[PDB]
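Working notes, beginning with the structure itself.
All Cβ positions, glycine included, derive from the backbone under ideal geometry; neighbour counts span all protein chains shown. Values in this text are rule-based calculations from the coordinates and carry no lab data.
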Amino acid sequence: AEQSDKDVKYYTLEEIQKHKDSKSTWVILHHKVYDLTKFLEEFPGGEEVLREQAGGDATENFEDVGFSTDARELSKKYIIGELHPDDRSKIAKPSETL
């Protein structure tokens, strides 16, 4: 879903589900989406620790893999838009059998 209004982009969790590269790495707090693509470069080679949780969690994850103080304010700093209201319900938890 590409938002016609170019302010606060509606990313879909279906979009981020294919988190293969660092540039495809975004995380969701619950209903709003935050950029992890840049945030992982703050960790020297620390893309792989958070990649698996990208397209899934950020409620605990963004602060977990994040810096102890910095990640707490850097959550709202990396405001890349909001996660699609339908998609946070779709992939609240996917089939864990894969």
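Residue pairs whose Cβ atoms lie under 8 Å apart, separated by 6 or more positions or on different chains, with the first residue in region 29-53 and closer than 17 Å to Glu73 by Cβ and the second charged (D, E, K, R) and in a strand (DSSP E or B), are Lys32/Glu82.
When every residue of region 33-48 is checked against the conditions, none turns out to be closer than 20 Å to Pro94 by Cα and surrounded by fewer than 18 Cβ atoms within 10 Å (Cβ to Cβ).
Being over 26 Å from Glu2 (Cα atoms) and part of a helix (DSSP H, G or I) is a property that holds for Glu63. Taking each residue of region 73-98 that is closer than 15 Å to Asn61 by Cβ and looking for partners that are of a type outside the set (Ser, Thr, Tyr) and assigned to a helix (DSSP H, G or I) with beta-carbon atoms closer than 7 Å, six or more apart or interchain, yields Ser75/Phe62; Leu83/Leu13; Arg88/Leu13; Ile91/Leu13; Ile91/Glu14.
Of the residues in region 67-90, not one is touching a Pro at 6+ places or on another chain (Cβ under 9 Å) and not β-branched (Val, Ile, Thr). Residue-level analysis places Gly66 among those that are surrounded by 17 or more Cβ atoms within 10 Å (Cβ to Cβ) and either touching a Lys or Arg at 6+ places or on another chain (Cβ under 8 Å) or without any contact (Cβ under 8 Å) to a residue 60 or more places away in the chain (or both).
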